[PDB]
Amino acid sequence: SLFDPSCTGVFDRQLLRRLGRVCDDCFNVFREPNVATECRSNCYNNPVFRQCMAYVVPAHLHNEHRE
Amino acid sequence: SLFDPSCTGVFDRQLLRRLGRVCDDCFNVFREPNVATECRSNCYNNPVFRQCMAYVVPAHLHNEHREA
């Protein structure tokens, strides 16, 4: 929904899903579901997503396998 | 190089390029070249990249135009 409180006005659901993969790659989201939910909050503008990106991006940059 | 001080040990160049587009989409990098360079520093773990994230990602989320 364009009125989803977590991030309003999303017309590019492809990018929303890509960003979600940062959260999913950060930890087992089912074992820490409240953290996983916070990771999605505010269009991903939140401290959990930023910290996850700090772990996941360098791990992926260091790995020869592609996205 | 693997020993690039800006980010060592990079084997996934294509991901490094994609992150660079966040910086390029954030402002005219040629007109603020020192800010553009800081944006890339430390494997993109820096305040300029993070603030650019916060402008560029919402802009792209609100625009139907896909990135791939």
Side-chain angles (χ1 to χ4, degrees):
Chain A
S1 170
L2 295 187
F3 297 97
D4 193 332
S6 59
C7 187
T8 56
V10 176
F11 293 110
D12 185 341
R13 289 285 176 174
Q14 176 116 14
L15 171 61
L16 203 67
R17 297 210 183 84
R18 302 218 298 288
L19 299 165
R21 299 178 176 115
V22 172
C23 299
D24 297 339
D25 295 349
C26 190
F27 53 94
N28 179 337
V29 293
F30 305 107
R31 288 178 56 183
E32 295 174 86
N34 308 290
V35 182
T37 294
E38 167 75 12
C39 192
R40 275 135 177 109
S41 68
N42 190 33
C43 301
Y44 301 100
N45 189 342
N46 66 79
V48 171
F49 177 91
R50 287 184 291 266
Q51 189 61 51
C52 279
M53 160 146 303
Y55 297 136
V56 169
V57 163
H60 287 3
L61 286 173
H62 296 331
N63 188 323
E64 30 265 50
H65 293 75
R66 289 303 94 101
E67 62 300 317
Chain B
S1 168
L2 283 179
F3 300 94
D4 200 335
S6 63
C7 189
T8 64
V10 176
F11 291 105
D12 184 356
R13 298 288 181 184
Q14 158 252 106
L15 176 60
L16 200 72
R17 279 196 167 168
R18 304 241 179 92
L19 298 161
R21 298 300 319 165
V22 174
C23 300
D24 296 343
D25 291 352
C26 185
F27 54 92
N28 177 339
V29 291
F30 304 108
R31 287 174 64 191
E32 294 172 72
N34 311 112
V35 180
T37 304
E38 171 71 10
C39 192
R40 316 190 137 67
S41 67
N42 196 47
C43 304
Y44 298 102
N45 185 338
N46 66 75
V48 170
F49 180 85
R50 280 191 286 277
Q51 181 62 65
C52 278
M53 276 254 92
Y55 297 135
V56 169
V57 166
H60 290 187
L61 282 173
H62 299 148
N63 186 346
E64 74 277 356
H65 288 136
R66 297 323 217 258
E67 293 70 30

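So that the names make sense, note that chain A is the first sequence line, chain B the second, and so on, each numbered from 1.
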Keeping the roles fixed (side chain from [X], backbone from [Y]), state whether a donor-acceptor pair exists under 3.5 Å.
| X | Y | answer |
| --- | --- | --- |
| A:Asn46 | A:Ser41 | yes |
| B:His62 | A:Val10 | no |
| B:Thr8 | B:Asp4 | no |
| A:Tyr44 | A:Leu19 | no |

Open item on the list: Give me each pair satisfying salt bridge (charged side-chain N to carboxylate O under 4.0 Å, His left out) with a member in residues 38-65 of chain B, each pair once, sequence neighbours excluded.
Closed with: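 For residues 38-65 of chain B, and leaving out neighbouring residues, the salt bridge (charged side-chain N to carboxylate O under 4.0 Å, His left out) pairs sorted by first residue read B:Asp24-B:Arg40.
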TODO: Quick one: pull up CG in A:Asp12 and NE2 in B:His65 and give me the separation to the nearest 0.5 Å.
DONE: 10.5 Å
TODO: Find the distance between CG (A:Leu15) and CG (B:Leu61) and round it off to the nearest 0.5 Å.
DONE: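 The distance works out to 4.5 Å.
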TODO: Please write out which residues are connected to B:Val35 in a hydrophobic cluster, directly or through intermediates, given that two of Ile, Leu, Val, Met, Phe, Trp, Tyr count as joined at side-chain heavy-atom separations below 4.5 angstrom.
DONE: B:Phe27, B:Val29, B:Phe30, B:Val48
Open item on the list: If hydrophobic residues (ILVMFWY) are linked whenever their side-chain heavy atoms come closer than 4.5 Å, directly or via other members, who joins A:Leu2 in its cluster?
Closed with: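 Members other than A:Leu2 - counting any ILVMFWY side chain reachable under 4.5 Å - are A:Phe3, A:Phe11.
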Open item on the list: Counting C-beta onward and ignoring hydrogens, is there a side-chain heavy-atom pair between B:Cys7 and B:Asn42 closer than 4.5 Å?
Closed with: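 No. Closest side-chain heavy atoms not under 4.5 Å.
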- [ ] Before accepting this row, confirm whether a basic side-chain N of the pair A:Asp25/A:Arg21 lies closer than 4.0 Å to the acidic partner's carboxylate O.
- [x]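 Salt bridge flag = no for A:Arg21 with A:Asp25.
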TODO: Walk me through it: do B:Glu67 and A:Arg18 pass the test salt bridge (charged side-chain N to carboxylate O under 4.0 Å, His left out)?
DONE: CA-CA 11 Å; B:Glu67 293 70 30; A:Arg18 302 218 298 288; 3.5 Å; yes
TODO: Find out if the SG atoms belonging to A:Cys23 and A:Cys39 lie under 2.5 Å from one another.
DONE: yes
Task: Over 12 foreign heavy atoms within 6.0 Å of CZ, A:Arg66 - done: yes
